[PDB]
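Model the following, please.
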Amino acid sequence: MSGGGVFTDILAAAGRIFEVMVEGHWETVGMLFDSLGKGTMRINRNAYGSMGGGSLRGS
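Numbers count the residues shown, from 1 in each chain. This is the structure:
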């Protein structure tokens with residue numbers, strides 16, 4: 001554990017810290033994201049009901 005052994009564990013810890021920290025980040029997103037993810041789905045669908053299959057056809 002001299003060199004990168006411990007350091008990688010530190011990396012593993014922080015990564016895991018940040019990771020569990022990240023999960024919580026998206027926990028609140030179900031709110032902010034919903035403001036333009038749930039309702040957006042409608043925007044996109046409509047924006048795709050013809051705009052994304054005939055006008056631009058996504059290509």
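
what's around the closest residue to residue 26 other than its chain neighbours, how many residues?
Leaving aside its sequence neighbours, residue 26 sits nearest to residue 33 (CB to CB, 6 or more residues apart in numbering; 7.8 Å). For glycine as for every other residue, the C-beta is placed from the backbone atoms N, C-alpha and C. Counted with other CB atoms under 10 Å, the neighbours of residue 33 add up to 12.

roughly how far apart are residue 33 and residue 12?
28 Å (CB to CB, to the nearest Å).

Also residue 45?
From residue 45 across to residue 12, the span is 41 Å (CB to CB).

With residue 46 instead?
As judged by CB to CB, residue 46 and residue 12 stand 45 Å apart.

swap in residue 21?
Residue 21 sits 14 Å away from residue 12, going by CB to CB.

Can you tell me the element the residue sitting nearest the centre point of the chain falls in?
Residue closest to the average C-alpha location in the chain (CA atoms, centre = their mean): residue 26, at 7.4 Å. Using DSSP states H and E, residue 26 sits within helix 5-32.

and the next element down the chain from that helix?
Using DSSP H and E, the next helix or strand after helix 5-32 towards the C-terminus is helix 40-46.

what are the phi and psi values for residue 3?
Residue 3 adopts backbone torsions of phi 130, psi -80, taken as degrees, to the nearest 10.

so how far is residue 9 from it?
Separation of residue 3 from residue 9 (CB to CB): 12 Å.

Looking at those two, which one has more neighbours?
Neighbour totals were compared for residue 3 and residue 9, and residue 9 leads with 12 against 7 (other CB under 10 Å).
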